[PDB]
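Accompanying notes for the structure given below.
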Amino acid sequence: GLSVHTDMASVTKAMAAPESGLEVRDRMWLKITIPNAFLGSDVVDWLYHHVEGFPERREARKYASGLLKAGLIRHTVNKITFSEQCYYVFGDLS
Amino acid sequence: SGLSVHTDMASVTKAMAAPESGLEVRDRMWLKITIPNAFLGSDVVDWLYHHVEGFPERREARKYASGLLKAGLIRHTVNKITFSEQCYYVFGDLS
Amino acid sequence: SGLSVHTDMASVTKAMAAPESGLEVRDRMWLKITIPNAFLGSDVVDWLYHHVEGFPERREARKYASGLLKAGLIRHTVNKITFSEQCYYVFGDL
Amino acid sequence: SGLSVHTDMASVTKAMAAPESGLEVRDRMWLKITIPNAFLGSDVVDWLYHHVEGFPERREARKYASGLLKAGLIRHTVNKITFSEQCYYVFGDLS
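Protein chains in written order, with PDB author numbering: chain D, 416 to 509; chain C, 415 to 509; chain B, 415 to 508; chain A, 415 to 509.
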């Protein structure tokens with residue numbers, strides 16, 4: 416039904432139709448170059464392994480959330496709540 | 415040994431930020447965007463090779479996909495010109 | 415810069431494999447499998463809630479779906495017992 | 415409309431399983447496997463291009479990555495022969 420002889424716009428319209436078989440998703444992943452960034456779970460891990468006084472990892476997560484509230488670490492996107500799957504940078508440490 | 419829950423917060427943070435602290439710190443971040451009906455360039459190429467007659471090899475279906483981008487029939491999700499199988503695309507104006 | 419196309423390949427790889435090399439390493443991988451007519455647990459829960467009368471709220475549609483898995487009317491694709499909306503399923507022997 | 419909590423369960427399932435039932439189906443699924451220290455082919459190519467001098471463009475860094483897979487210095491996690499940026503690898507025997 417379709418070939419290299421078919422006009423391009425018609426081929427694309429067929430590809431864009433319901434049930435065409437094109438594999439699609441409602442999410443995408445993008446890589447941004449940001450100097451000196453770090454993953455929320457990596458902060459929590461570092462705290463739990465290098466800072467004494469956390470009985471369970473849950474308490475390290477809570478400290479990292481405190482760090483964000485104080486502006487010692489900062490969100491890279493417009494977000495308020497602490498999250499382990501988000502990326503962060505250091506605050507003003509002057 | 416040396417840092418505890420009793421240490422000043424700024425000083426902990428500055429320990430974590432020093433060179434050689436062990437914190438995984440790198441020049442990148444990954445972000446999840448919700449974009450309904452987006453698609454990888456490799457899946458366009460696969461669809462074309464499987465549904466459009468006359469591609470002697472897969473590389474010819476890749477070149478045709480690049481032609482779709484050039485024409486505006488598909489569009490990059492970010493500001494980039496060259497076609498790549500690893501990037502995400504959406505459909506252009508099909509009205 | 416200390417590495418180039420003149421460096422032996424084995425040494426370049428041991429550099430990439432070193433701690434703190436820069437290379438993103440994580441303890442996971444995602445595998446894509448072709449399985450005609452598979453579906454997410456959430457897609458089952460949605461269909462029951464929209465098409466079967468008498469559920470007071472969505473949670474009871476979730477419990478019904480878990481009942482379908484117990485009965486073998488739907489099946490996990492991997493060896494697992496607990497029903498989850500995020501997992502993939504196929505139909506049982508009907 | 416026709417189906418309720420009083421309907422036998424097998425019949426509800428057969429209705430859900432019929433063509434045009436409205437059930438969202440797919441023919442691809444994604445499985446997560448816990449593999450220690452695995453990495454994407456794309457991150458290999460990014461690392462090489464960023465840290466190894468003498469690549470005129472990124473495609474030469476990819477060709478180099480492919481060199482590494484042939485030599486067994488890196489290894490596919492599933493039985494695939496050719497190098498792909500979208501697949502996951504682990505290191506080979508490094509002593």
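All C-beta atoms in this analysis are idealised placements derived from N, C-alpha and C, irrespective of residue type, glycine included.
Cross-strand partners of residue i (DSSP beta bridge)
i: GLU434/D; result: According to DSSP, which records beta bridges pairwise, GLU434/D is partnered with nothing at all.
i: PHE505/B; result: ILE488/B
i: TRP444/B; result: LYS446/A
i: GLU467/D; result: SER418/C
i: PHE453/B; result: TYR503/B
Within-8 angstroms CB hit, residue i to chain A
i: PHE505/B; result: yes
i: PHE497/B; result: no
i: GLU434/B; result: no
i: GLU467/B; result: yes
Beta carbon proximity, residue i to chain B, threshold 8 angstroms
i: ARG440/C; result: yes
i: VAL459/A; result: no
CB contact below 8 angstroms: residue i versus chain C
i: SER418/D; result: yes
i: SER456/A; result: yes
i: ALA424/D; result: yes
i: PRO470/D; result: no
is_contact[residue i, chain D] using C-beta, thresh 8 angstroms
i: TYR463/C; result: no
Residue from the options whose Cα sits closest to the Cα of residue i
i: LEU445/B; options: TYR503/A, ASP507/A, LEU462/A; result: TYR503/A
i: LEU462/D; options: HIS465/C, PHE505/C, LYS428/C, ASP507/C; result: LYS428/C
i: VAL459/C; options: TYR478/C, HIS490/C, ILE495/C; result: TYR478/C
i: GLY416/C; options: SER456/D, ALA431/D, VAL466/D; result: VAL466/D
i: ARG489/C; options: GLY455/C, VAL419/C, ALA431/C; result: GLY455/C
i: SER509/D; options: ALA431/C, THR491/C, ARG473/C; result: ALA431/C
i: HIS420/A; options: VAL419/B, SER418/B, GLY468/B; result: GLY468/B
i: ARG476/C; options: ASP507/C, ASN493/C, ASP457/C, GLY506/C; result: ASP457/C
Counting beta carbon pairs with one atom in the stretch 423-443 of chain B and one in the stretch 483-490 of chain A, are three or more of them shorter than 8 angstroms?
yes
So does the stretch 471-483 of chain B actually touch the stretch 431-451 of chain A, counting three or more Cβ pairs closer than 8 angstroms?
no
May I ask you to verify whether the stretch 498-505 of chain C touches the stretch 462-482 of chain A, counting CB pairs closer than 8 angstroms and requiring at least 3?
No, because fewer than three Cβ pairs between the stretch 498-505 of chain C and the stretch 462-482 of chain A fall closer than 8 angstroms, the two stretches do not touch.
Pair every Cβ in the stretch 445-454 of chain A with every Cβ in the stretch 439-456 of chain B, then say whether three or more of these pairs are closer than 8 angstroms.
yes
Pull out every residue of the stretch 475-494 of chain B whose Cβ sits closer than 9 angstroms to any Cβ of chain A, in chain order.
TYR478, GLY481, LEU482, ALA485, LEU487, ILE488, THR491, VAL492
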